[PDB]
Structure formats: C-alpha cells, structure tokens
Amino acid sequence: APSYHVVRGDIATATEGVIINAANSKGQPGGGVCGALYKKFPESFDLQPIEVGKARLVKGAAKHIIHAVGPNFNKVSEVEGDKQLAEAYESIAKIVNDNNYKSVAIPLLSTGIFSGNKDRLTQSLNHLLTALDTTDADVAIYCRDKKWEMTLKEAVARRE
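Cut-offs used in this document
Residues numbered from 1 in each chain as written, not as in the entry; some residues may be left out. Heavy atoms only, no water. Pairing = 2+ DSSP bridges. Helix = DSSP H or I, 4+ residues; strand = E, 2+ residues; numbered from the N terminus. Axes fitted to C-alpha atoms, helices over the stretch in contact; angles between N-to-C directions. Left-handed = near helix turned anticlockwise from the far one by under 90°. Contact = heavy atoms within 4.5 Å. Nonpolar A, V, L, I, M, F, W, Y, C, P; charged D, E, K, R; others polar. 1 Å grid on protein atoms, 1.4 Å probe; cavity = no way out; pocket = protein on both sides within 12 Å on 5 of 7 lines; lining within 4 Å. Points joined across faces, edges and corners; volume = space filled by probe spheres on them.

- Judging from the entry metadata, solution NMR is the method by which this structure was determined.

- Going by the annotation in the PDB entry, the name recorded for the protein chain is Non-structural polyprotein, with Venezuelan equine encephalitis virus given as the source organism.
- The title field of the PDB entry reads "NMR solution structure of macro domain from Venezuelan equine encephalitis virus".

See the structure below:
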C-alpha cells in the first residue's frame, strides 16, 4: 500500500507510462474522451470487441494504453456489477504487478455514464484503493473538473 496523488489533467495528457480507459465489450471509452484520445493518439483507437470482465491492453505506436470493461450498472444488477468491477480491477491489479509498475494513471469509472444513477467515485475509489493496496506502487487519479481534486484531497487527508 503506497500513497495517493491526484492530478487535474486529461487522458490525452496522461503520460504516466500507462493509462487505463474504459472500453467495455464495444472497445470504446464511453462518454467523450474517445475523441481526445483519438485526436492525439489514433493508434489507441483499437476499439475491438473485448470480453466481459477482461481488460485488454492496446498497443499504440504513440503510447501503450490499457482498455477496461466497465459494467453499466444502469442495466446490470449489483451482483454482476460487483463482480465486473472487481474483474476490471483484477485485470488491472494483476497487470500492474505483471508489468511491475511503480505508479499508474487510473481514472475513476461508474460515475454517471455506467452507474446510471447511484454508485459514485467515492465507491469506485474505495475499491480501487482495495485493489491497489495489494501493491506498494502508487496511484495517480485524474479528472478535469477540479471539485474532484478537492474532494479526493479531503478524503486522502482523512485517510491518514
């Protein structure tokens, strides 16, 4: 178990060695970041069909990226989204150790577009910490909004 760092930036600037993005069984990061990532790295636009629970890395000549399957809680029950959330985090956590990373840019999922309505970043964070507690690497979390760097700082402070 390491520390936690927050950076307000974008996926298309997440030069942390490694990036995780949503992909789902469609291969495509739901929302809009698909466009930024394409605009700077069309090589990560693999958008292959992926399995359900499995994360697959994508091998962009511009940069290596990681693509993860997030369940849509909006049309998946708590039982299946619990598993799929931990399956994503297992694929990620195993990959982190397999590749022996010290620090990784991991965004926060299930936070509007997959969740639909309820599950939040506080929760996905909790589970992301649980998976990454299993390493003594570090965890670097972004989002371009600023309220999240405040709240994540506040909780990172209360986490001492």
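### Quick look at the sheet that holds strand β3 (residues 56–59)
Alright, step 1. Pairing is mixed in the open sheet, where three strands are placed in the order β2-β4-β3. The outermost strands of the open sheet, each flanked by one partner alone, are β2 (20–22) and β3. On average, each strand axis in the sheet is inclined to that of its neighbour by 35°, with strand direction left out of account.
Alright, step 2. Sheet topology note: the β3/strand β4 (residues 64–68) ladder contains four bridges and is antiparallel. Paired with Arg 56 across the two strands is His 67, which belongs to β4.

### Some thoughts on the packing of helix α2 (residues 78–98) against helix α3 (residues 121–133)
For any two helices packed against each other, one specifies the crossing angle of their axes together with the interaxial distance.
Alright, step 1. Here α2 crosses α3 at 35°, and the two axes come no closer than 9 Å. At the point where α2 passes α3, the crossing takes the right-handed sense. Across the interface between the two elements, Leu 85, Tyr 89, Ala 93 and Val 96 of α2 pack against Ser 124, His 127, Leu 128, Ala 131 and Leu 132 of α3.
Alright, step 2. A per-class count over the contact of α2 with α3 returns seven nonpolar, two polar and no charged.

### Some remarks on the layout of surface pockets
Alright, step 1. Of the volumes computed, that of the largest pocket is approximately 470 Å³.
Alright, step 2. Considering the residues around the largest pocket, the lining is formed by 26 residues, among which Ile 11, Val 33, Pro 107, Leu 108 and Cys 143 are closest to the centre.
Alright, step 3. Of the residues that constitute the lining of the largest pocket, the class distribution is 16 nonpolar, seven polar and three charged.
Alright, step 4. Of the volumes computed, that of the second largest pocket is approximately 310 Å³.
Alright, step 5. In terms of lining residues, the second largest pocket is bounded by 16 residues, among which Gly 81, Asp 82, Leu 85, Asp 119 and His 127 are the most central.
Alright, step 6. Of all the elements, α2 adds the most residues to the lining of the second largest pocket, at seven residues.
Alright, step 7. Its residues assigned to classes, the lining of the second largest pocket shows six nonpolar, five polar and five charged.

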